[PDB]
Number of protein chains: 2
Amino acid sequence: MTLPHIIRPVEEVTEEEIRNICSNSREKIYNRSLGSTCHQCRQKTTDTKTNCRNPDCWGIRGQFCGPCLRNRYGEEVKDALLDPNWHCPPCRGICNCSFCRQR
Amino acid sequence: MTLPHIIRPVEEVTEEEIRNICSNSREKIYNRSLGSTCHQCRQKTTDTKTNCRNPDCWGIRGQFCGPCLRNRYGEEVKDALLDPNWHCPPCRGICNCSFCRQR
DNA sequence: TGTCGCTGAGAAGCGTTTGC
DNA sequence: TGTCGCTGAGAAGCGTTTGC
Ligand SMILES: [Mg+2]
Ligand SMILES: [Zn+2]
Ligand SMILES: [Zn+2]
Ligand SMILES: [Zn+2]
Ligand SMILES: [Zn+2]
Ligand SMILES: [Zn+2]
Ligand SMILES: [Zn+2]
């Protein structure tokens, strides 16, 4: 059931993907088929989300929506998508989601 | 992929299952279809194996073969199968398998 | 510009495997 | 009477969800 984690190279990141980053939480488009889930807000939407570059990372915990990364971690998805060494907050051990800050 | 954990009641344990407990490791029958895996020796065989009674337990880590439970933990599968309150060594946190004693 | 609860999740088994 | 290495594993998303 675990969705495979695939590292998208920074040179392979499209400007269409960059412009499809969500800016306002309430303006999201839910899609049970093509959408992706943000680890923080746990909403499966079509807006572009971050991609963890840690080889040992797995699953969906590296995917964060636009609003979530800039409000819970003070970082921009556009910078994380083009960051060669970006690790998700779970990898950094700084995730403050409902689950992570309890466990 | 996780095999569901089902608690077999002690009153529902068959004498045929009891007599099918493995006694010698080298006299095991491998079966990729009907066999079960022992958490300790990691062999999928048809010999009767233990069943953890912990409700929060999951997966295969509660299944131990005859030789493994009596050689690594000094306990008998026949006693564990009829024990109302038996928890597997992983639940007791005393598992000494190759993986558990490292992590 | 905004978030958590809840279910169900939380591997398993072949291969290179058997104590001195 | 006997055991470990190795791959691949290690959730995800709807519902009861949006900061004052
Ligand atoms: Mg799974
Ligand atoms: Zn989010
Ligand atoms: Zn990560
Ligand atoms: Zn988290
Ligand atoms: Zn065994
Ligand atoms: Zn158990
Ligand atoms: Zn173990």
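In what follows, chains are A, B, ... by sequence order, proteins preceding strands, each numbered from 1.
Between the CG atom in A:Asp56 and the NE2 atom in A:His87 there is a gap of 10.0 Å [rounded to 0.5 Å].
Here the closest non-hydrogen pair linking A:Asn71 and A:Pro67 is ND2-O, 2.8 Å. Listed here is the closest heavy atom pair of A:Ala80 and A:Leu69: CB-CD2, 4.2 Å. Looking at every heavy atom in both residues, A:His5 comes nearest to A:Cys57 through ND1-O, 3.3 Å.
Between the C1' atoms of D:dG8 and C:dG10, the separation comes to 15 Å (whole Å). The same atom, P, is picked in D:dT1 and in C:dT16; the two are 28 Å apart, to the nearest Å. Using atom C1' as the reference point in both C:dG13 and D:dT3, the two lie 15 Å apart (nearest Å). Rounded to whole Å, the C1' atom of D:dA11 lies 14 Å from the corresponding atom of C:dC6.
For D:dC14, one of the phosphate oxygens OP1 or OP2 lies less than 4.0 angstrom from a side-chain nitrogen or oxygen of A:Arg32. Taking only side-chain nitrogens and oxygens, B:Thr2 never comes nearer than 4.0 Å to OP1 or OP2 of C:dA11. Between A:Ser25 and D:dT18, a side-chain N or O to OP1/OP2 separation shorter than 4.0 Å is absent.
For A:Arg101, the listed nucleotide lying nearest its side chain is C:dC4; candidates were D:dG5, C:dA9, C:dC4. With distances taken from any side-chain atom of A:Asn71 to the nucleotides C:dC14, C:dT18, C:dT3, the minimum falls on C:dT3. The side chain of B:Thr37 lies closest to C:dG13, out of C:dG13, C:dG10, D:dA9. In the set D:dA12, C:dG10, C:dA12, C:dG10 carries the atom at the smallest distance from any side-chain atom of A:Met1. Side-chain proximity of B:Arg72 to the nucleotides D:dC4, D:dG5, D:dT1 is greatest for D:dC4. Among the nucleotides D:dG2, C:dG2, D:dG13, the one closest to the side chain of A:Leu3 is D:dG13.
With sequence neighbours excluded, no residue forms a side-chain hydrogen bond (donor to acceptor under 3.5 Å, both in side chains) with A:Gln63. In this view, B:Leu3 and B:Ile60 satisfy the side-chain contact (heavy atoms from CB on, under 4.5 Å) rule, not counting sequence neighbours. For the side-chain hydrogen bond (donor to acceptor under 3.5 Å, both in side chains) test, residues two or more places apart in sequence or in another chain that qualify with A:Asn96 are A:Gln40, A:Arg72. With sequence neighbours excluded, the residues forming a side-chain hydrogen bond (donor to acceptor under 3.5 Å, both in side chains) with B:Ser36 are B:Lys49, listed by chain and number.
With hydrogens and angles left out, the side-chain atoms of A:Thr45 and A:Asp47 include a donor and acceptor closer than 3.5 Å.
Rounded to whole angstrom, the span from the CZ atom of B:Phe99 across to the P atom of D:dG10 amounts to 13 Å. The distance between atom NZ of A:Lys44 and atom P of C:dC4, rounded to the nearest whole Å, is 21 Å. Atom-to-atom, CZ of B:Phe64 to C1' of D:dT3 comes out at 14 Å; the value is rounded to the nearest Å. Here C:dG13 presents its P atom at 13 Å from CG of B:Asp47, a figure rounded to the nearest Å. Remark: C1' of D:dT1 and CG of B:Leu69 are 14 Å apart, rounded to the nearest angstrom. Separating the OH atom of B:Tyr73 from the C1' atom of D:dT3 is a distance of 13 Å, rounded to the nearest angstrom. Straight-line distance from the NZ atom of A:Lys28 to the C1' atom of C:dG2: 11 Å, rounded to whole Å. Rounded to whole Å, atom P of D:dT3 lies 14 Å from atom NE2 of B:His39.
Contact annotation for A:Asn31: no contact, since no heavy-atom pair falls under 4.0 Å across all strands. At the heavy-atom level, A:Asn96 lies nowhere under 4.0 Å from the strands shown. At a threshold of 4.0 angstrom between heavy atoms, the contacts of A:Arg61 with the nucleic acid are absent.
South puckering is assigned to the sugar ring of C:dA11, since its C1'-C2'-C3'-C4' angle is below zero. Judged by the sign of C1'-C2'-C3'-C4', D:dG8 carries a south-puckered sugar.
Judged by closest nucleotide on DNA chain C, A:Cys68 is the one of B:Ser36 and A:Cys68 placed further toward the 5' end. Comparing B:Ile60 and A:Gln40 along DNA chain C, the residue whose closest nucleotide (by nearest heavy atom) sits nearer the 5' end is A:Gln40. With the nearest nucleotide of DNA chain D identified for both A:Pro55 and A:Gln63, A:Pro55 has the one nearer the 5' end.
For the neighbouring bases D:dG8 and D:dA9, a stacking contact is recorded, both ring-centre distance under 5.5 Å and ring-plane angle under 30° holding.
Put simply, the side chain of A:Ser25 does not reach to within 4.5 Å of the side chain of A:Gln43, judged on heavy atoms. Residues A:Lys44 and A:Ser33 fail the side-chain proximity criterion, which asks for heavy atoms closer than 4.5 Å. Two residues are said to be in side-chain contact when any heavy atoms from C-beta on lie closer than 4.5 Å; B:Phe64 and B:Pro90 meet this criterion.
Put simply, A:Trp58 does not rest on the base of D:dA9: the two rings are not both less than 5.5 Å apart at their centres and under 30° in tilt.
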Listing time: all N or O pairs from protein to nucleotides 15-17 of chain C that are below 3.5 Å?
residue: C:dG15; atom: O6; partner: B:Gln43; partner atom: NE2; Å: 2.8
residue: C:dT17; atom: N3; partner: B:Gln43; partner atom: OE1; Å: 2.9

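Paired runs in DNA chain C that reach 3 or more consecutive Watson-Crick or G-U pairs, where each pair keeps both distances under 3.5 Å, cover C:4-7 with D:12-15, C:12-15 with D:4-7.
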